[PDB]
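Undergrad: So here's protein.cif, just mmCIF, C-alpha atoms and all ligand atoms; chains and numbers go by the auth columns:
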data_target
loop_
_atom_site.group_PDB
_atom_site.id
_atom_site.type_symbol
_atom_site.label_atom_id
_atom_site.label_comp_id
_atom_site.label_asym_id
_atom_site.label_seq_id
_atom_site.Cartn_x
_atom_site.Cartn_y
_atom_site.Cartn_z
_atom_site.B_iso_or_equiv
_atom_site.auth_seq_id
_atom_site.auth_asym_id
ATOM 1 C CA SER A 1 -3.896 5.446 -32.016 0.00 22 A
ATOM 2 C CA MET A 2 -0.234 4.307 -31.650 0.00 23 A
ATOM 3 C CA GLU A 3 0.446 7.055 -28.966 0.00 24 A
ATOM 4 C CA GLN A 4 -2.410 5.612 -26.841 0.00 25 A
ATOM 5 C CA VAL A 5 -0.746 2.139 -27.192 0.00 26 A
ATOM 6 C CA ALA A 6 2.652 3.639 -26.015 0.00 27 A
ATOM 7 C CA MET A 7 1.027 5.359 -22.985 0.00 28 A
ATOM 8 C CA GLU A 8 -0.529 1.956 -22.358 0.00 29 A
ATOM 9 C CA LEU A 9 2.798 0.108 -22.643 0.00 30 A
ATOM 10 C CA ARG A 10 4.076 2.794 -20.144 0.00 31 A
ATOM 11 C CA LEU A 11 1.092 2.215 -17.782 0.00 32 A
ATOM 12 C CA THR A 12 1.653 -1.490 -18.382 0.00 33 A
ATOM 13 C CA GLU A 13 5.331 -1.333 -17.494 0.00 34 A
ATOM 14 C CA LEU A 14 4.667 0.876 -14.449 0.00 35 A
ATOM 15 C CA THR A 15 2.154 -1.819 -13.431 0.00 36 A
ATOM 16 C CA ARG A 16 4.805 -4.526 -13.730 0.00 37 A
ATOM 17 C CA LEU A 17 7.143 -2.426 -11.539 0.00 38 A
ATOM 18 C CA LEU A 18 4.307 -1.687 -9.012 0.00 39 A
ATOM 19 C CA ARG A 19 3.528 -5.435 -8.819 0.00 40 A
ATOM 20 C CA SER A 20 7.077 -6.312 -7.795 0.00 41 A
ATOM 21 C CA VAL A 21 7.072 -3.381 -5.332 0.00 42 A
ATOM 22 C CA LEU A 22 3.768 -4.702 -3.988 0.00 43 A
ATOM 23 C CA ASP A 23 5.023 -8.263 -3.587 0.00 44 A
ATOM 24 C CA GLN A 24 8.142 -7.015 -1.817 0.00 45 A
ATOM 25 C CA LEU A 25 6.109 -4.810 0.561 0.00 46 A
ATOM 26 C CA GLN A 26 3.780 -7.668 1.302 0.00 47 A
ATOM 27 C CA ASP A 27 6.766 -9.936 2.143 0.00 48 A
ATOM 28 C CA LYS A 28 7.576 -7.520 4.996 0.00 49 A
ATOM 29 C CA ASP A 29 4.156 -8.498 6.522 0.00 50 A
ATOM 30 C CA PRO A 30 4.598 -12.224 7.360 0.00 51 A
ATOM 31 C CA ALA A 31 1.848 -11.935 10.028 0.00 52 A
ATOM 32 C CA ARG A 32 -0.551 -10.919 7.238 0.00 53 A
ATOM 33 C CA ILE A 33 -2.048 -8.131 9.428 0.00 54 A
ATOM 34 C CA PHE A 34 -2.412 -5.875 6.305 0.00 55 A
ATOM 35 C CA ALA A 35 -3.560 -8.510 3.678 0.00 56 A
ATOM 36 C CA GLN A 36 -7.316 -7.856 3.799 0.00 57 A
ATOM 37 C CA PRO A 37 -9.679 -5.028 4.737 0.00 58 A
ATOM 38 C CA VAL A 38 -10.423 -4.555 8.413 0.00 59 A
ATOM 39 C CA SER A 39 -13.723 -6.383 8.952 0.00 60 A
ATOM 40 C CA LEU A 40 -16.667 -4.072 9.819 0.00 61 A
ATOM 41 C CA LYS A 41 -18.359 -7.085 11.438 0.00 62 A
ATOM 42 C CA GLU A 42 -15.349 -7.541 13.834 0.00 63 A
ATOM 43 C CA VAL A 43 -14.786 -3.700 14.233 0.00 64 A
ATOM 44 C CA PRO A 44 -18.265 -2.207 13.746 0.00 65 A
ATOM 45 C CA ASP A 45 -17.096 1.347 14.671 0.00 66 A
ATOM 46 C CA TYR A 46 -14.166 1.322 12.205 0.00 67 A
ATOM 47 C CA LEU A 47 -15.538 3.807 9.731 0.00 68 A
ATOM 48 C CA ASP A 48 -16.210 6.374 12.540 0.00 69 A
ATOM 49 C CA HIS A 49 -12.448 6.369 13.126 0.00 70 A
ATOM 50 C CA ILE A 50 -10.991 5.661 9.698 0.00 71 A
ATOM 51 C CA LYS A 51 -12.401 7.430 6.655 0.00 72 A
ATOM 52 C CA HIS A 52 -10.330 5.731 3.913 0.00 73 A
ATOM 53 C CA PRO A 53 -9.605 2.099 4.834 0.00 74 A
ATOM 54 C CA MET A 54 -6.811 0.421 2.886 0.00 75 A
ATOM 55 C CA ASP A 55 -5.225 -3.017 2.660 0.00 76 A
ATOM 56 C CA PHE A 56 -2.963 -5.048 0.238 0.00 77 A
ATOM 57 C CA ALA A 57 -5.797 -7.015 -1.474 0.00 78 A
ATOM 58 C CA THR A 58 -7.561 -3.776 -2.248 0.00 79 A
ATOM 59 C CA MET A 59 -4.300 -2.291 -3.627 0.00 80 A
ATOM 60 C CA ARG A 60 -3.814 -5.443 -5.707 0.00 81 A
ATOM 61 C CA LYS A 61 -7.347 -5.239 -7.251 0.00 82 A
ATOM 62 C CA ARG A 62 -6.647 -1.671 -8.261 0.00 83 A
ATOM 63 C CA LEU A 63 -3.189 -2.518 -9.664 0.00 84 A
ATOM 64 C CA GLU A 64 -4.493 -5.400 -11.815 0.00 85 A
ATOM 65 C CA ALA A 65 -7.070 -2.999 -13.252 0.00 86 A
ATOM 66 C CA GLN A 66 -4.080 -0.708 -14.014 0.00 87 A
ATOM 67 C CA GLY A 67 -5.699 1.854 -11.764 0.00 88 A
ATOM 68 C CA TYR A 68 -2.346 3.392 -10.588 0.00 89 A
ATOM 69 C CA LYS A 69 -1.251 6.038 -13.141 0.00 90 A
ATOM 70 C CA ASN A 70 1.969 6.976 -11.157 0.00 91 A
ATOM 71 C CA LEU A 71 4.067 5.917 -8.128 0.00 92 A
ATOM 72 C CA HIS A 72 2.662 8.737 -6.063 0.00 93 A
ATOM 73 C CA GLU A 73 -0.835 7.191 -6.167 0.00 94 A
ATOM 74 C CA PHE A 74 0.512 3.778 -5.111 0.00 95 A
ATOM 75 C CA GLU A 75 2.507 5.290 -2.267 0.00 96 A
ATOM 76 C CA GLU A 76 -0.593 7.164 -1.089 0.00 97 A
ATOM 77 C CA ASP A 77 -2.447 3.883 -0.697 0.00 98 A
ATOM 78 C CA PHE A 78 0.539 2.223 1.056 0.00 99 A
ATOM 79 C CA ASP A 79 0.719 5.179 3.500 0.00 100 A
ATOM 80 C CA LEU A 80 -3.030 4.765 4.242 0.00 101 A
ATOM 81 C CA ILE A 81 -2.413 1.186 5.311 0.00 102 A
ATOM 82 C CA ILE A 82 0.267 2.365 7.708 0.00 103 A
ATOM 83 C CA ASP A 83 -1.332 5.551 8.848 0.00 104 A
ATOM 84 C CA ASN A 84 -4.781 4.026 9.435 0.00 105 A
ATOM 85 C CA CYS A 85 -3.238 1.332 11.649 0.00 106 A
ATOM 86 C CA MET A 86 -1.179 3.806 13.700 0.00 107 A
ATOM 87 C CA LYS A 87 -4.302 5.943 14.366 0.00 108 A
ATOM 88 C CA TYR A 88 -6.715 3.178 15.245 0.00 109 A
ATOM 89 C CA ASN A 89 -4.310 1.121 17.437 0.00 110 A
ATOM 90 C CA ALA A 90 -2.411 2.407 20.487 0.00 111 A
ATOM 91 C CA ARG A 91 1.334 2.801 20.539 0.00 112 A
ATOM 92 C CA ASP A 92 1.962 -0.265 22.742 0.00 113 A
ATOM 93 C CA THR A 93 -0.030 -2.766 20.583 0.00 114 A
ATOM 94 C CA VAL A 94 1.281 -5.397 18.217 0.00 115 A
ATOM 95 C CA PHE A 95 -0.709 -3.795 15.378 0.00 116 A
ATOM 96 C CA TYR A 96 0.777 -0.341 15.782 0.00 117 A
ATOM 97 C CA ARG A 97 4.250 -1.801 16.027 0.00 118 A
ATOM 98 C CA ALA A 98 3.784 -3.894 12.910 0.00 119 A
ATOM 99 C CA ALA A 99 2.856 -0.737 10.939 0.00 120 A
ATOM 100 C CA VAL A 100 5.959 1.094 12.127 0.00 121 A
ATOM 101 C CA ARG A 101 8.137 -1.885 11.090 0.00 122 A
ATOM 102 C CA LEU A 102 6.350 -2.137 7.716 0.00 123 A
ATOM 103 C CA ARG A 103 6.857 1.552 7.167 0.00 124 A
ATOM 104 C CA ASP A 104 10.601 1.424 7.934 0.00 125 A
ATOM 105 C CA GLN A 105 11.200 -1.605 5.708 0.00 126 A
ATOM 106 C CA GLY A 106 8.857 -0.372 3.011 0.00 127 A
ATOM 107 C CA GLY A 107 10.833 2.905 2.739 0.00 128 A
ATOM 108 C CA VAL A 108 13.927 1.116 1.471 0.00 129 A
ATOM 109 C CA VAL A 109 11.938 -0.560 -1.316 0.00 130 A
ATOM 110 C CA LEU A 110 10.172 2.686 -2.218 0.00 131 A
ATOM 111 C CA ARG A 111 13.299 4.823 -2.227 0.00 132 A
ATOM 112 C CA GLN A 112 14.630 2.520 -5.055 0.00 133 A
ATOM 113 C CA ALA A 113 11.263 2.266 -6.830 0.00 134 A
ATOM 114 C CA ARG A 114 11.257 6.061 -7.201 0.00 135 A
ATOM 115 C CA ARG A 115 14.713 5.836 -8.827 0.00 136 A
ATOM 116 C CA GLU A 116 13.526 3.065 -11.310 0.00 137 A
ATOM 117 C CA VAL A 117 10.336 5.016 -12.206 0.00 138 A
ATOM 118 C CA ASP A 118 12.400 8.131 -13.068 0.00 139 A
ATOM 119 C CA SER A 119 15.257 6.116 -14.618 0.00 140 A
ATOM 120 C CA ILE A 120 13.176 3.838 -16.916 0.00 141 A
ATOM 121 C CA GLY A 121 10.649 6.740 -17.414 0.00 142 A
HETATM 122 NA NA NA B . -4.312 6.269 18.311 0.00 201 A
#
Would you mind writing the file out in structure tokens?

TA:
Amino acid sequence: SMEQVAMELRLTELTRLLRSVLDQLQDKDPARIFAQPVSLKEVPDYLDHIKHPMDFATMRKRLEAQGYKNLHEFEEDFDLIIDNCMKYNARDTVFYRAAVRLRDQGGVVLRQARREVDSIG
């Protein structure tokens, strides 16, 4: 149907918006701390601590499969990246501090993304 193609243009346009949002969030991570999953070989206990690991490559695979149906789902994954890091790493560590800084800078991008997603539809 034509309706299913419109929905799909909508999902497609949301995806385009989420891709820009993603590339802008990932620019706020020059260290590339959040680019790939935490390695279970280098942190064998990780999954005892963190139940839903997240990282930007994993978010990107999902996005390219158009697996984000709204901004809320995308934000949920971005907050996992931050929140997992702040739980696993202590408050004085470079990792923890990078997540706080990513969060603060990410908020600015996301506050406008929410406006575009309502505004465009
Ligand atoms: Na902690």

Undergrad: Let me make sure I understand: among A:43, A:107, A:23, A:134, which one has the smallest atom-to-atom distance to ligand NA 201 (chain A) if we use all atoms listed in the file?

TA: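 Selected residue with least distance to ligand NA 201 (chain A): A:107.
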
Undergrad: For residue 116 in chain A, which of A:45, A:29, A:36, A:54 is the closest residue, counting all atoms listed in the file?

TA: A:54

Undergrad: So that I can see what lies close to range 61-68 of chain A, please list as a list in words the residues with an atom at most 12 Å from it, counting all atoms listed in the file and leaving out residues fewer than 3 positions away in the same chain.

TA: residues 57, 58, 71, 72, 73, 74, 75, 105, 106, 108, 109 and 110 of chain A

Undergrad: Report the residues retrieved by the PyMOL selection byres (((chain A and resi 120-129) around 7) and not hetatm) from the displayed file, expressed as a PyMOL selection string.

TA: chain A and resi 46+49-50+103+106-107+116-119+130-133

Undergrad: So, with all atoms listed in the file as the atoms that count, which of A:80, A:115, A:27, A:141 lies closest to residue 94 in chain A?

TA: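 The answer is A:80, which sits nearest to residue 94 in chain A.
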
Undergrad: Quick one: axis-aligned box around all listed atoms of range 112-131 of chain A, 6 Å on every side, centre and edge lengths in Å to one decimal, written as JSON.

TA:
{"center_x": 6.6, "center_y": -1.2, "center_z": 10.3, "size_x": 26.6, "size_y": 20.3, "size_z": 37.0}

Undergrad: May I ask which of the residues A:33, A:41, A:22, A:79 is the closest one to residue 55 in chain A, counting only C-alpha atoms?

TA: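 Answer, going by the shortest atom-to-atom distance: A:79.
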
Undergrad: Return the single residue from A:47, A:114, A:91, A:25 that is closest to ligand NA 201 (chain A), with distances computed using all atoms listed in the file.

TA: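 Nearest to ligand NA 201 (chain A): A:114.
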
Undergrad: Pick from A:83, A:31, A:70, A:136: nearest to ligand NA 201 (chain A), with all atoms listed in the file counted?

TA: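 Going through A:83, A:31, A:70, A:136 one by one, the smallest distance to ligand NA 201 (chain A) is for A:70.
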
Undergrad: For the PyMOL selection byres (((chain A and resi 85) around 10) and not hetatm), applied here, can you spell out every residue it catches as a PyMOL selection string?

TA: chain A and resi 33+36-37+39-40+80-84+86-89

Undergrad: Deliver the residues from the most recent selection as a file, using C-alpha atoms, as a compact mmCIF listing (two decimals), keeping the file's coordinate frame.

TA:
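And here's part_17.txt as it stands now:
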# COMPACT_ATOMS: atom_id res chain seq x y z
CA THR A 33 1.65 -1.49 -18.38
CA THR A 36 2.15 -1.82 -13.43
CA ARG A 37 4.80 -4.53 -13.73
CA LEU A 39 4.31 -1.69 -9.01
CA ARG A 40 3.53 -5.44 -8.82
CA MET A 80 -4.30 -2.29 -3.63
CA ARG A 81 -3.81 -5.44 -5.71
CA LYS A 82 -7.35 -5.24 -7.25
CA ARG A 83 -6.65 -1.67 -8.26
CA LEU A 84 -3.19 -2.52 -9.66
CA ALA A 86 -7.07 -3.00 -13.25
CA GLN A 87 -4.08 -0.71 -14.01
CA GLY A 88 -5.70 1.85 -11.76
CA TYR A 89 -2.35 3.39 -10.59

Undergrad: Work out how far apart CA of residue 101 in chain A and CA of residue 56 in chain A are and give it in Å to one decimal.

TA: 13.3 Å

Undergrad: In Å, with one decimal, what is the gap from CA of residue 111 in chain A to CA of residue 51 in chain A?

TA: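 Atom-to-atom, CA of residue 111 in chain A and CA of residue 51 in chain A are spaced 20.9 Å apart.
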
Undergrad: Do you have the CA of residue 34 in chain A-CA of residue 138 in chain A distance handy?

TA: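 Those two atoms sit 9.7 Å apart.
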
Undergrad: Could you add the missing atoms to range 95-122 of chain A, up to N, CA and C atoms, and return them as a compact mmCIF listing (two decimals), in the coordinates of the input?

TA:
# COMPACT_ATOMS: atom_id res chain seq x y z
N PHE A 95 0.26 5.07 -5.73
CA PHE A 95 0.51 3.78 -5.11
C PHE A 95 1.01 3.98 -3.72
N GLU A 96 2.00 4.86 -3.57
CA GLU A 96 2.51 5.29 -2.27
C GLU A 96 1.45 5.85 -1.33
N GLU A 97 0.52 6.61 -1.88
CA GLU A 97 -0.59 7.16 -1.09
C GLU A 97 -1.39 6.05 -0.44
N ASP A 98 -1.71 5.01 -1.22
CA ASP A 98 -2.45 3.88 -0.70
C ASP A 98 -1.62 3.13 0.33
N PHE A 99 -0.32 2.93 0.07
CA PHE A 99 0.54 2.22 1.06
C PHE A 99 0.59 3.02 2.39
N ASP A 100 0.71 4.34 2.30
CA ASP A 100 0.72 5.18 3.50
C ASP A 100 -0.63 5.15 4.25
N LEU A 101 -1.76 4.98 3.55
CA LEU A 101 -3.03 4.76 4.24
C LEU A 101 -3.00 3.52 5.10
N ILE A 102 -2.51 2.42 4.52
CA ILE A 102 -2.41 1.19 5.31
C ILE A 102 -1.68 1.44 6.63
N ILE A 103 -0.55 2.11 6.54
CA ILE A 103 0.27 2.37 7.71
C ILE A 103 -0.42 3.35 8.64
N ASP A 104 -0.81 4.47 8.08
CA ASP A 104 -1.33 5.55 8.85
C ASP A 104 -2.66 5.18 9.48
N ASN A 105 -3.53 4.46 8.78
CA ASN A 105 -4.78 4.03 9.44
C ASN A 105 -4.53 3.18 10.68
N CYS A 106 -3.59 2.25 10.55
CA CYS A 106 -3.24 1.33 11.65
C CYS A 106 -2.65 2.10 12.86
N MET A 107 -1.76 3.04 12.61
CA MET A 107 -1.18 3.81 13.70
C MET A 107 -2.18 4.76 14.40
N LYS A 108 -3.28 5.12 13.72
CA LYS A 108 -4.30 5.94 14.37
C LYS A 108 -5.22 5.08 15.19
N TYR A 109 -5.73 4.01 14.58
CA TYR A 109 -6.72 3.18 15.24
C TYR A 109 -6.14 2.43 16.45
N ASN A 110 -4.91 1.94 16.37
CA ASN A 110 -4.31 1.12 17.44
C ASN A 110 -3.30 1.90 18.27
N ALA A 111 -3.32 1.72 19.59
CA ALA A 111 -2.41 2.41 20.49
C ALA A 111 -0.94 1.97 20.32
N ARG A 112 -0.08 2.88 20.73
CA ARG A 112 1.33 2.80 20.54
C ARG A 112 1.99 1.54 21.11
N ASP A 113 1.43 0.98 22.16
CA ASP A 113 1.96 -0.26 22.74
C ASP A 113 1.44 -1.61 22.14
N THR A 114 0.65 -1.56 21.09
CA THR A 114 -0.03 -2.77 20.58
C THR A 114 0.82 -3.37 19.51
N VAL A 115 0.67 -4.67 19.33
CA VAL A 115 1.28 -5.40 18.22
C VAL A 115 0.90 -4.83 16.86
N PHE A 116 -0.34 -4.38 16.67
CA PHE A 116 -0.71 -3.80 15.38
C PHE A 116 0.05 -2.54 15.02
N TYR A 117 0.12 -1.60 15.98
CA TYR A 117 0.78 -0.34 15.78
C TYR A 117 2.23 -0.58 15.45
N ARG A 118 2.85 -1.44 16.23
CA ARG A 118 4.25 -1.80 16.03
C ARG A 118 4.52 -2.48 14.71
N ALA A 119 3.61 -3.30 14.25
CA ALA A 119 3.78 -3.89 12.91
C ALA A 119 3.75 -2.85 11.79
N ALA A 120 2.90 -1.82 11.93
CA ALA A 120 2.86 -0.74 10.94
C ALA A 120 4.14 0.10 10.90
N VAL A 121 4.71 0.41 12.08
CA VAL A 121 5.96 1.09 12.13
C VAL A 121 7.06 0.29 11.40
N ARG A 122 7.14 -0.99 11.69
CA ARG A 122 8.14 -1.88 11.09
C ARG A 122 7.93 -2.02 9.58
